[PDB]
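A single chain, nothing else alongside it, follows as structure tokens in the form deposited in one PDB entry.
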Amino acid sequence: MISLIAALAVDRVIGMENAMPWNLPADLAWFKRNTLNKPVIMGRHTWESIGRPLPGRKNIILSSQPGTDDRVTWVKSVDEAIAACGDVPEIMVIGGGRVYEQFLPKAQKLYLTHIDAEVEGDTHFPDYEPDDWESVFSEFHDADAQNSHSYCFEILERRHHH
């Protein structure tokens, strides 16, 4: 099964973790917990922004060009990315914008962090029809000395497809 995992500011703005305007170690812990021991698929912009393979996960980079780093697995299409994951229970797509857009139709689960921040970025999470999904978990957390903004984790499971 394919899942997307994303952190969304107001207006469903996303960007690279290393440059986003919030500081949420709690969200990074959520991301790690929900991706550990699963393959992660990302585009090249996200890969370059991380710069080092995420530990304890197979890192698959979706790029139309030949790879530039032997520490990760380079693939040229959505289908090839999925094939490279082999037989695993759950494949995690970690962005960015265009990669989420291409994988959303193949996804059956979303892990979202709804962050109470308004920001300047121009990359967005894909449009999804909320009527097609069921919320099976949600937890709000206020900001604290370690986390700059309040945020709400959510897991959604797909019920319909258009």
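Residue numbers run from 1 along the displayed sequence.
There is another form of the same protein, the form deposited with a small molecule bound; it is not shown, and what comes next is about it.
Chemist: Could you tell me which one of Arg44, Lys38, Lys106, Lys109 places a heavy atom within 4.5 Å of the small molecule in the entry with it bound?
Modeler: Selected residue: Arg44.
Chemist: Is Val78 close to the small molecule in the entry with it bound, meaning a heavy atom pair under 4.5 Å apart or at it?
Modeler: Within the cut-off, so yes.
Chemist: Report whether the minimum heavy atom distance between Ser64 and the small molecule in the entry with it bound is within 4.5 Å.
Modeler: Although the small molecule is absent here, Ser64 would touch it in the entry with it bound, with heavy atoms inside 4.5 Å.
Chemist: Using a 4.5 angstroms cut-off on non-hydrogen atoms, would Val99 count as touching the small molecule in the entry with it bound?
Modeler: Close contact exists here: in the entry with it bound, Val99 approaches the small molecule to within 4.5 Å, heavy atoms only.
Chemist: Taking 4.5 angstroms as the cut-off for heavy atoms, does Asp122 touch the small molecule in the entry with it bound?
Modeler: Flag for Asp122 set to yes.
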